[PDB]
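S.K.: Sharing an experimental structure here, sequence included.
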Amino acid sequence: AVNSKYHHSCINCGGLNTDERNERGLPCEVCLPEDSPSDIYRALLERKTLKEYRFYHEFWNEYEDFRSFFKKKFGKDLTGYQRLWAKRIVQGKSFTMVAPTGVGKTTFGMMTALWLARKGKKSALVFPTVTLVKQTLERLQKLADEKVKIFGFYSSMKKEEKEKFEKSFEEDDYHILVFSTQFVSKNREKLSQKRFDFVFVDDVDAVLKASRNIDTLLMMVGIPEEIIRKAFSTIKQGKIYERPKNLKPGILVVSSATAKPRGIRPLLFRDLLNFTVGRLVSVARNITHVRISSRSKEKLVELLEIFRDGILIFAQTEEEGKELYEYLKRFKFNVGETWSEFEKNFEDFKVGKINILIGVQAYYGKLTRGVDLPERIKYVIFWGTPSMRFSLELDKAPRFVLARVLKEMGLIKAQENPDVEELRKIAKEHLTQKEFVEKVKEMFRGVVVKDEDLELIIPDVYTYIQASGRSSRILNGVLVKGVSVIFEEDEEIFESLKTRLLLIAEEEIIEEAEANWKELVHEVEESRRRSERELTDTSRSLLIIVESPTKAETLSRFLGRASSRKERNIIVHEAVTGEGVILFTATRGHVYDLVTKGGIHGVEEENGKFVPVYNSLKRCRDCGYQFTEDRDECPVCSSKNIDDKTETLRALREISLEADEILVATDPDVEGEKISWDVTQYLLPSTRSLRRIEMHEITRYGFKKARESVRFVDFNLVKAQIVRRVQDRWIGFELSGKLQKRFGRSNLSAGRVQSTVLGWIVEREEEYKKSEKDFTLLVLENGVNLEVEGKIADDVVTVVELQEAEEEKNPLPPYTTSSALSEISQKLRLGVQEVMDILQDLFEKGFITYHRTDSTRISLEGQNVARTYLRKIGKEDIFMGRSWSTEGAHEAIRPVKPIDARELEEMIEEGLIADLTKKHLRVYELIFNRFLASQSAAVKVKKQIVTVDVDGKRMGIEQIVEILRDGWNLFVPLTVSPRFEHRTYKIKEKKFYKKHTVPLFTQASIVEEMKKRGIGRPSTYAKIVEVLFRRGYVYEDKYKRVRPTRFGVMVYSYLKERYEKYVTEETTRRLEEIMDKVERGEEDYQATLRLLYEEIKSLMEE
Ligand SMILES: [Zn+2]
Ligand SMILES: [Zn+2]
Ligand SMILES: [Zn+2]
């Protein structure tokens, strides 16, 4: 712990508790004075302070009973899925049953109904077919005791049972009633007027077949049609509705929606039961993609001879499908078809009568609405790459083509016009067909331009992912293996497909050389027969907490958002994986912050040591003002519409009860570690299993490598965070007051570093006017311009000495935060803050590595990315992998996937991935090129050193002329220059001036400088500059240089004259150094706090 207080963190009284206690899962000292109590419930009860902890006691107990019961009555222990479901059931919550292929939902429904009836609760079990009713009642009756009233109703019911069921359902206080969906639809009013505690729906689609059934099931727990209609109007509007707080409904549990949840009705579940009926989208895949270079039917024969059984062939059209069908029929392969005898051959393949199924992209994917058995399909063969093809003529041209062409050429800026209208608008301004197709082949990167027959081929990656996916799912708890083979000869098509497959599914496609058919086939078959065996289940449920919604979005993009429980302030998404369930949600910022109320500006002091005091953050959703103090309205605009992180915290504590294991996934810096602790400490009394993962990339790889590096919270980082926060708080408050009493305004000083930097700017203005040395620029004939000492007047430049030399130039190291901010904000007309934001969205959308790094280090994986990209662009002979550094916390800012900017633009305009402005693309382009340059070979250049005489003065100038050998200059342009000859160059024009030796600052220059002096950190740079701007201390001029204003000069003059100690560069650097030492556990937390306090105490007297 870090010895600090959190205002609502008591598990039992709901009030203030210390970090150190929550860490041990204890209630506050008020609730329980004892140091180390033996049993928490017992001790709370003894002292009569037992309040909310009861809830948890009763929870755990009432669960462990269930489990026990389940383990007794049934074979063995609960599976992870059923465990999560159980834990949700004792809370009385309603939900969808998201799970893979038949994990046993009916078993859980049965044992739930049994365990409930054991107390006295009445439940209902609904099934689509009338046979499932029979079977379920069968299985029920033999395991249920005499105390359980069991009835049934279906098609082939009797002549006195049909009425028996009705009278008993009318009066006789039943326990468990098993019936069809038909009965629900038919006897709506009868059920609607009855109240069930548990309702289990096996097939949601059958019951969602009618709109009345929604209101029926809703009225089967005790909800009037008034709330239903009100909620209906609200969902007809387009926003959310809220349930009356005075409602207690039963437990409705349903399975996953097969078809898309079409209609307006299901939204009533979102408001009355707080659960969304989702569909089962599983992205869990174990597929190996191999590519063969030639469409030779001999290769296909050999392959089929290896695979032998359960093969699925896909053809471009039906013509080549039939052709291949005939060729294989002749060669004595047991084969079937989809276009002629669909069902026959399909089910004959399902049984085993057929070894090879040949279909089309259009026939199979639209007629397989029947079954699609996964335990049979091992191999998928693609006879050509699935793709959409367009025509490249003046006519027959789509929208996006003419769009990307004209927008870049001349006609379009950013606009949308009717297609044929656009054709008729370019029908006059274009030149030729040749020039058109050339513009297409030059502009469009990432696709295939068949200029031969005038065609554009775009590989359909989605279709490939689906079709390939048909060979690998989860069966009997086992993620079985599958091989996907592609027969493609055109290198452009294959490369396109591979890039977009890496972009969406992050899956690699290998070559026939690096693939052993025997081994692969073996893995496939063996995993199959491993799934055939009797299952033992080790699936666990997992909760993952991150801080920003964007991370959660892109996480849901590769984990798959099946369903989403809305829990107070937050929206927890759930996904199915091969290792179990996986829940993830976003905090939306920080949770706790330093209080302003008491002590020394929030920091209290007891027993010689300092104790930080935090309270939950509140953000007005209207004006945007943030605060810590507990108020009902916004302290500024007096509005009640606020966001309260305490609600978020409570919600998290609620979710943490379902999950077996929890992982906090905040950014890998001090800030993130602080947040992670604020959360883990709060949750720790509730859940025993809490750990930390640091994701440097937001991709499947970043996540996997994060989980391999799981750990507990590092308290030195928390301590560091705290120390800096306290310095900014104390120094900021004191200096800001001292300025309140001098310049009127209230808030002015955010800290010490800010002031230091401002000093740099202010005094830079003074040492800029003194560097004013007179100069003169000379435009030369048959050459470039030349810069020489002022006041020249001979109009004749002579050449005296002239020599040349070859040199090998290494590239610049990869971007760090300072470097990135500087160069990117310089090359673009953007501020460092804008750049920083773009970087943040870039990392959080899983496109680059962590954007806050002070290391240039690069791993084998990064070098690997560079390597594969160079091998993709052909120039792989210029690859030179460089680690760049061994001393490194994280890597440098680099791309995560070998995809350049142009390809990204292509995928964006196409619609694969979205949400990237032009600026995002440009910044990414800079990062990418810098990284590859850093991974490219050294450029060998020839430069010359020309000594020229100008009016009695010898001046030498060195310039690059020839690039004798390429390297990294392909990504980062290396400027050449016209040669000087040993003659006499005459001056054309003399532009006299006096530009200063020591120039002014720019934002880039400032970041560079404070990096160069040891002031600030990667997370603070841009924020610092922006703050300087927002406080009016500084402005930008014509050529965008940073200049101090009146106010800034006044402020730094005052501060330097009076408080020179707390603004001096030496002091700031010494403090940065010492705190950075605290971060590494080298300097003492409490001691540096003592120091800061001791200088503050001195300041509070001036
Ligand atoms: Zn501790
Ligand atoms: Zn308490
Ligand atoms: Zn407000």
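M.R.: Nice, I can see it. Numbers count the residues shown, from 1 in each chain. Ligands and ions are numbered 1, 2, ... in the order given.
S.K.: excluding its backbone neighbours, what's nearest residue 807?
M.R.: Setting aside the residues directly before and after it, residue 807 is nearest to residue 941 in space (CB to CB, 6 or more residues apart in numbering), at 5.7 Å. Heads up, the C-betas are built off the backbone N, CA and C, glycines and all.
S.K.: Assign the one you found to helix, strand or coil.
M.R.: Put simply, residue 941 is strand when judged by DSSP: H, G, I helix; E, B strand; the rest coil.
S.K.: I figured it hits residue 805, correct?
M.R.: No: look at residue 941 against residue 805 with CB atoms under 8 Å: they stay out of range, at 9.5 Å.
S.K.: Of those two, give the one with the bigger neighbour count.
M.R.: residue 941 (20 against 10; other CB atoms under 10 Å).
S.K.: In contact with the more buried one, which residues are there?
M.R.: 806, 807, 808, 809, 960, 962, 963, 964, 965, 974 (CB atoms under 8 Å, 6 or more residues apart in numbering).
S.K.: what's the last one in contact with, if anything?
M.R.: Pointing back at residue 974 there. So residue 974 contacts 809, 939, 941, 960, 963 (CB under 8 Å, 6+ apart).
S.K.: next one: the second one
M.R.: Contacts of residue 807 were listed using CB under 8 Å, 6+ apart, and they are 940, 941, 942, 943.
S.K.: Also the first one?
M.R.: Listed by CB under 8 Å, 6+ apart, the contact set of residue 806 reads 940, 941, 942, 964.
S.K.: what do you get for the fourth one?
M.R.: The contact partners of residue 809, taken as CB under 8 Å, 6+ apart, are 938, 939, 940, 941, 974.
S.K.: residues in contact with the host helix or strand of residue 1048?
M.R.: Using DSSP states H and E, residue 1048 maps to helix 1046-1058. With contacts defined as CB under 8 Å, 6+ apart, helix 1046-1058 is touched by 735, 738-739, 742-743, 748, 755, 758-759, 761-762, 1028, 1031-1034, 1044, 1062-1063, 1102.
S.K.: Narrow those to just the buried residues.
M.R.: 735, 738-739, 748, 755, 758-759, 761-762, 1028, 1031, 1033-1034, 1044, 1062-1063 (16 or more other CB atoms under 10 Å).
S.K.: Can you pick out the ones from those that are in helices?
M.R.: 735, 738, 739, 755, 758, 759, 761, 762, 1028 (DSSP state H).
S.K.: Quick check: the farthest pair among those?
M.R.: 738 and 761 (20.4 Å; CB to CB).
S.K.: backbone phi and psi for residue 654, please?
M.R.: Dihedral pair for residue 654: phi -70, psi -50, per degrees, to the nearest 10.
S.K.: buried ones in stretch 176-193?
M.R.: 176, 177, 178, 179, 180, 181, 182, 183, 184, 188, 191, 192.
S.K.: Quote the end-to-end distance of stretch 690-697.
M.R.: For stretch 690-697, the first-to-last residue distance is 22 Å (CA to CA, to the nearest Å).
S.K.: can you list contacts of that stretch?
M.R.: So stretch 690-697 is contacted by 661-665, 667-668, 672-673, 676, 680, 683-684, 702-703, 705-707, 709-714, 846, 849-850, 890-891, 896 (CB under 8 Å, 6+ apart).
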